């Protein structure tokens, strides 16, 4: 479906931006920024692929995905190399990626089996997995532990995808509703200071 394909690109771009921003804040230079953005963008899909027995992983064979990760990370580096003082919305980029991958990752797991536990947990791991790798490599406690509603919101997003698909909702709509609920939940938590 077109929405599934689009969400893959949105998630790759968003997580690449979040990883490249993290590296910029850490003081890394161009190539180190590319490494962290590339890893954050593709890590969730790779981990998800391994859990589902899909080898080699799509992110390592389908050329547009790693090319998109590379270009997004490079664009982020160049942007903040010029505009050093403008805001760096790491959590906003991460949140958009969380919604794109909780939905598309739940979709991939649901195609493997109708098991609600597999769909909800693999979907959530797809969503958070790139940011977990980013935080581990950065040598800091990850968001899934420091942000009280973060991992659960990914779980909720993959669960609403499962429920929608279970009710025969068309795949394009089930993905959009899952993405929107995940993103909205994150915006409320961030804007209403639920995690403080």
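Positions refer to the first chain, counted from 1.
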Mean temperature factor over C-alpha atoms, higher-scoring stretch between 85-93 and 122-130: 85-93
Stretch exceeding the other in mean C-alpha B-factor - 166-174, 63-71: 166-174
Out of 43, 53, 27, 37, residue topping the C-alpha B-factor column of the entry: 27
Residue 103 by Cα B-factor - lowest, middle or highest third of the modelled chain: middle
Entry-reported Cα temperature factor of residue 17, expressed as the chain third it lands in: lowest
Residue 149 - Cα temperature factor, lowest/middle/highest third of chain: highest
Where the record places residue 109 (Cα B-factor, split into thirds across the chain): lowest
